[PDB]
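Worksheet: one structure, shown below.
Per chain, numbering begins at 1; letters A, B, ... match sequence-line order. Just so it is clear, the values below take in all heavy atoms, side chains as well, and ignore hydrogens, waters and symmetry mates.
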Number of protein chains: 2
Amino acid sequence: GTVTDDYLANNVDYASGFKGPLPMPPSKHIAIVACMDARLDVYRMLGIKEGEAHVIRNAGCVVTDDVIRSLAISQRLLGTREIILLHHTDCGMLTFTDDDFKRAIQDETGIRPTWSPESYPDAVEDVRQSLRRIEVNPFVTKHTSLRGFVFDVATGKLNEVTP
Amino acid sequence: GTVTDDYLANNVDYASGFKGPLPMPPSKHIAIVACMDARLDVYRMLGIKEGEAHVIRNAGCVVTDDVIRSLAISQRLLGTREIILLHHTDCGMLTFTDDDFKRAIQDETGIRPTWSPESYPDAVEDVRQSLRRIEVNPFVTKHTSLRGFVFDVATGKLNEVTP
Ligand SMILES: [Cl-]
Ligand SMILES: [Mg+2]
Ligand SMILES: [Mg+2]
Ligand SMILES: [Zn+2]
Ligand SMILES: [Zn+2]
């Protein structure tokens, strides 16, 4: 028995009380960019219901090109117009540097990844940096609201960052 | 006000009942790669609790280099050893093609994106292609289980896909 097996069993119960289908476009025309961190239940954190919001998550809530791609699709094809960025306290990206992470992988595998690990030293600062990445990008321009926050993993509160 | 405003007010209530902080490493040592699709509440779909699992989401649940990066970090730094891949029915990626998407963006903005939109015609087949991407990648090699599923947006049920 794996965790996957357990989660599939959970899904049978989820399915038993499921109502659907809902429409594809987010009913609230909003996209959340968040971290993959195990301590972030994005839906409960923001009181989101099914069908309302796109949720995009990766290591460190980094505005990579994959995030730009997902946001471009979200706005242009599926009509979203708000963006929430969520970093958080005690994030894994503050605990290593890119050069160290790459060197370690190179030692084990013989090669260095071409991608940047995208670590950063300070979360508040990187929210500003991430907001700027979105502002400067010519493909994510349909939003009427772009706001960035740091989630406190000890209190559950969101604290806004000024760009 | 905006939806962001409403969602922030929702967080006040969330924060009132919060219990933390929890440890950084996923307590169930698992990573989920899923779609940003608004109809997918991944936590509830799999009966996930706070602190258990990394959840990564983009447009179309595509295994891009950002997903590879996030899995590499998840495994190497934070000890996850299982992967669940999660496509779904009525996916937005089935509704367009890459070339036409980029053509539209270029007509409107004067610029063509560097990134591939990464659309695909067949969700089940792309699960297989996604599993294959992970299996051949030299930077994500630690998992003891890698499984892919198609979430039915009409029933809430997961259907496993086999290579
Ligand atoms: Cl989520
Ligand atoms: Mg912009
Ligand atoms: Mg591999
Ligand atoms: Zn994090
Ligand atoms: Zn989708």
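Among the candidates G47(B), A154(B), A15(B), the residue making the largest number of heavy-atom pairs closer than 4.5 Å to chain A is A154(B). When each of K157(A), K28(A), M45(A) is scored by its heavy-atom pairs under 4.5 Å with chain B, the top score falls to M45(A). Taking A59(B), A38(B), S70(B) one by one and counting their heavy-atom pairs under 4.5 Å with chain A, the maximum is reached by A38(B). Put simply, of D152(B), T109(B), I111(B), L46(B), the one with the most heavy-atom pairs under 4.5 Å next to chain A is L46(B). Interface summary for chain B: among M93(A), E118(A), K49(A), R76(A), the most heavy-atom pairs under 4.5 angstrom belong to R76(A). In terms of non-hydrogen atom pairs under 4.5 Å with chain B, the most contact-rich of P23(A), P26(A), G17(A) is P23(A). Interface check for chain A: of the options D66(B), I32(B), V62(B), the most heavy-atom pairs under 4.5 Å are formed by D66(B). Contact count against chain A (heavy-atom pairs under 4.5 Å) is highest for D41(B) among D41(B), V67(B), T141(B). When each of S116(A), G51(A), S27(A) is checked for heavy-atom pairs under 4.5 Å with chain B, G51(A) comes out on top.
In this structure, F18(B) and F151(A) have perpendicular ring planes: the angle between them is above 60°, well past the 30° mark.
Proximity of a side-chain donor or acceptor of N11(B) to a complementary backbone N or O of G156(A) within less than 3.5 Å is detected. The backbone N or O of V3(B) lies less than 3.5 Å from a partner atom in the side chain of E82(A), making a donor-acceptor pair. No donor-acceptor pair closer than 3.5 Å links the side chain of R39(B) to the backbone N or O of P21(A).
Proximity to chain B involves both the backbone and the side chain of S74(A), based on heavy atoms less than 4.5 angstrom apart. For a residue to count as touching a neighbouring chain, one of its non-hydrogen atoms must lie under 4.5 Å from one of that chain's; by this rule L22(A) touches chain B with backbone and side chain alike. With a 4.5 Å cut-off on non-hydrogen atoms, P117(B) touches chain A through its backbone but not through its side chain. Looking at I84(A), only its side chain comes within 4.5 Å of chain B, counting heavy atoms on both sides. In this structure, chain B has no heavy atom under 4.5 Å from any part of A9(A). When heavy atoms are compared at a cutoff of 4.5 Å, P25(A) does not approach chain B at all. For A72(A), the parts lying under 4.5 angstrom from a heavy atom of chain B are both the backbone and the side chain. Residue contact with chain A, scored on non-hydrogen atoms closer than 4.5 Å, involves the backbone and the side chain of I105(B) alike. Interface remark: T155(A) contributes backbone atoms only to the contact with chain B (heavy atom separation under 4.5 Å). Residue contact with chain A, scored on non-hydrogen atoms closer than 4.5 Å, is absent for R81(B). Both the backbone and the side chain of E52(A) come within less than 4.5 Å of a heavy atom of chain B.
Taking the side chain as every heavy atom from C-beta outward, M24(B) and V153(A) never approach each other to under 4.5 Å. By the 4.5 Å heavy-atom criterion applied to side chains, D5(B) and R147(A) are counted as neighbours.
A distance of 13.5 Å separates CG in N10(A) from OH in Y43(B), rounded to the nearest 0.5 Å. Atoms OG1 and CG, from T4(A) and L158(B) in turn, are 11.0 Å apart once rounded to the nearest 0.5 Å. Between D65(B) atom CG and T114(A) atom OG1 the span is 5.5 Å, to the nearest 0.5 Å. To the nearest 0.5 angstrom, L78(A) atom CG is 8.0 Å from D37(B) atom CG. If you take CD on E160(B) and CG on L8(A), they are separated by 7.0 Å, rounding to the nearest 0.5 Å. Distance check, rounded to the nearest 0.5 Å: CD of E108(A) to NZ of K142(B) gives 5.0 Å.
Hydrophobic clustering places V161(B) together with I134(B) (ILVMFWY residues linked when any side-chain heavy atoms are closer than 4.5 Å, directly or through intermediates). Taking hydrophobic clusters as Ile, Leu, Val, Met, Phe, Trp and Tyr residues chained together by side-chain heavy-atom distances below 4.5 Å, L94(A) shares a cluster with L77(B). One hydrophobic cluster, built from ILVMFWY side chains closer than 4.5 Å, cannot hold both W115(B) and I68(B); they sit in different ones. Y120(A) and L131(A) sit in two unconnected hydrophobic clusters of ILVMFWY residues. Membership requires side-chain heavy atoms under 4.5 Å apart, directly or through other members. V33(A) and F149(A) are assigned to two separate hydrophobic clusters, defined by single-linkage of ILVMFWY side chains at heavy-atom distances under 4.5 Å.
A side chain to side chain contact (heavy atoms under 4.5 Å, CB included) with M36(B) holds for exactly one of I56(A), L71(A), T80(A); it is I56(A).
Sparse packing is recorded around CG of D99(A), with 12 or fewer heavy atoms of other residues, nucleotides or ligands lying under 6.0 Å away.
For the residue pair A53(B) and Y7(A), the shortest heavy atom distance occurs at CB-OH, 3.9 Å.
A salt bridge does not link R44(B) with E50(A): every distance from a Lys NZ or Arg NE/NH1/NH2 to an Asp or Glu carboxylate oxygen is 4.0 Å or more.
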